[PDB]
Amino acid sequence: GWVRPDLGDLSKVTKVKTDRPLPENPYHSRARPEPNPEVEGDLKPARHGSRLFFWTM
Amino acid sequence: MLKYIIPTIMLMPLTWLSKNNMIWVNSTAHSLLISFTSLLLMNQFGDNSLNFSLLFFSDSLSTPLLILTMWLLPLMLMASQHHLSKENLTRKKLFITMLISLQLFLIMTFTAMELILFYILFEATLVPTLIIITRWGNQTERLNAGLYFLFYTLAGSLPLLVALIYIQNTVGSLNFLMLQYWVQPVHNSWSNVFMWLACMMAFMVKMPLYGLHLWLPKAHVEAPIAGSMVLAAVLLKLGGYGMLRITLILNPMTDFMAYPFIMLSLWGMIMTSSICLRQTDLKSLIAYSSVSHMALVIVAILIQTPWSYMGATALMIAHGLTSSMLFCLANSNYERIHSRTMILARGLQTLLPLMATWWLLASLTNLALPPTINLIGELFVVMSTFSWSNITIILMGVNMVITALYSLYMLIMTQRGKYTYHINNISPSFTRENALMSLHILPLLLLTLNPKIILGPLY
């Protein structure tokens, strides 16, 4: 009772039922470095301008 | 200070938009009005300086220098207009523009609060001054004189730029009001020895310090008359003014770092005074006289006492008017005989009686006759250096003897004796020349009636 699979069948992506638990850390990767402190706030004008030497603005 | 900066700038469109033949009339008249308004800076308090804004301030030190600066522009215009008569109009206007731009830089230099702003404007004065000497000087050597003037100054100023920027990083500011309160003592180390030198040597070359002075006689012999007047009256005082301010932040290291420069100045003043006795060129003699006088200023600034700072301020003002007058007197002879040799034309009192009186009055102030402000300043410096060390009275005393000798020798050689037989183009003094001389000496002698306004902040 064997039927030959048709053109295209054997290249299908199929789904599989497995009791094997889904791997948690397959790459065995360490903990990632913490991101730099994100900056959030209201952008105010620069205090007293450029402050470059003698400039007032 | 904008009430002086803007009208000074307006002298430029005034000159360029004037009728062709009214460039000298217009610029002279309006630069005198500016000079008149400069007396409003006399609103000086006993505790606080006059602090206009974040950028500019006046105190008792800068105010007399500012008034001298603004008074000198109209005088330089009268002095210059004769020898520039054959110049084409556009080049006359450019000459006046260089003088106006020099005044603009000078009044900003003397009033800047922040020391880098002082440095930039202090440096900006080089450009017009160099242009005036090299473009409108008379002889071949003016190109070399420009190079010596430029590179002497830059050899000193560039280390100053590094030191000032260093100071701001460490202290956080170069505002002079802040430095008065945040100043910290300079501790002994090789780093601070070179910081001290970088802070001072630029101003020493300007004074000029003895040993660094040889550029000055070259510049004067080569410069046109207006160049000499601004050079002698105000430009040398940038060094004095700079040292008076920057010594605030160099204590106590100045206590021993000053010694080599006091020895140079104390000995230098005797050597330059004696040199004046043997000079053959009249402009070169006056240039050496300036080195001798400025030697006292350096000593007074370095010993840092109230009396010496008052003496230094008074001498700077008195020397400015006197030396500028002497150059104008020498120039008026030059415009007749076209030679700076002192022995060429003699016995000129017989031919120009009134002009011989200007010579006499100028010489009397140069040798510091009491009660001229020339003596007041010199006397105050002599009093303070006596306390510094009693022995200095001998060096000061000898210099006063030699100073009288070359001051009168210059008067005797040119004005007395027998007139040179073959010189027969000694025309009578012009009203312009007499007015020019009297606009030096009259303000100078009027200041005797009220000296306090030239004694600086320590008064």
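Method reported for this entry: electron microscopy, 2.3 Å.
Cβ atoms are placed via backbone N, Cα and C, with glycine included.
Taken from Swiss-Prot as is:
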MOD_RES   B:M1  N-formylmethionine
TRANSMEM  B:22-42  transmembrane segment
TRANSMEM  B:60-80  transmembrane segment
TRANSMEM  B:94-112  transmembrane segment
TRANSMEM  B:116-138  transmembrane segment
TRANSMEM  B:147-167  transmembrane segment
TRANSMEM  B:196-216  transmembrane segment
TRANSMEM  B:224-244  transmembrane segment
TRANSMEM  B:256-276  transmembrane segment
TRANSMEM  B:308-330  transmembrane segment
TRANSMEM  B:351-371  transmembrane segment
TRANSMEM  B:393-413  transmembrane segment
TRANSMEM  B:435-455  transmembrane segment
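With a cut-off of 8 Å between CB atoms and residues at least 6 apart in sequence, the same chain places B:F52, B:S53, B:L55, B:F56, B:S58, B:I107, B:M108, B:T111 near B:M1 (N-formylmethionine), listed in sequence order. Remark: the transmembrane segment (B:224-244) contacts the transmembrane segment (B:196-216), by the rule of 3 or more CB pairs under 8 A. Sequence-remote contacts of a segment are chain residues at least 6 beyond its ends whose Cβ falls under 8 Å from one of its Cβ atoms, and for the transmembrane segment (B:256-276) they are 193, 196-197, 200, 204, 209-211, 213, 250, 285, 288-289, 291-293, 295-296, 298-299, 302-303, 392, 395, 398-399, 402-403, 406. Using a Cβ-Cβ cut-off under 8 Å and counting only residues 6 or more beyond its ends in the same chain, the transmembrane segment (B:435-455) has close neighbours at 42, 60, 63-64, 71, 75, 78-79, 310, 313-314, 317-318, 321-322, 324-325, 328-329, 355, 358, 361-362, 365, 371-373, 376. Mapped onto three states, the DSSP output places B:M1 (N-formylmethionine) in coil. Stretch with the most C-beta contacts under 8 angstroms to the transmembrane segment (B:60-80), considering only B:22-42, B:94-112, B:116-138, B:196-216, B:351-371: B:22-42.
When Cβ-Cβ distances below 8 Å are used as the criterion, the transmembrane segment (B:196-216) is approached by residues 145, 148-149, 152-153, 155-157, 159-160, 162-164, 186, 231, 235-236, 238-240, 242-243, 246, 249-250, 253-254, 257, 261, 264-265, 267-269, 271-272, 287, 290-291, 294-295, 297-298 of the same chain, each at least six residues removed from its ends.
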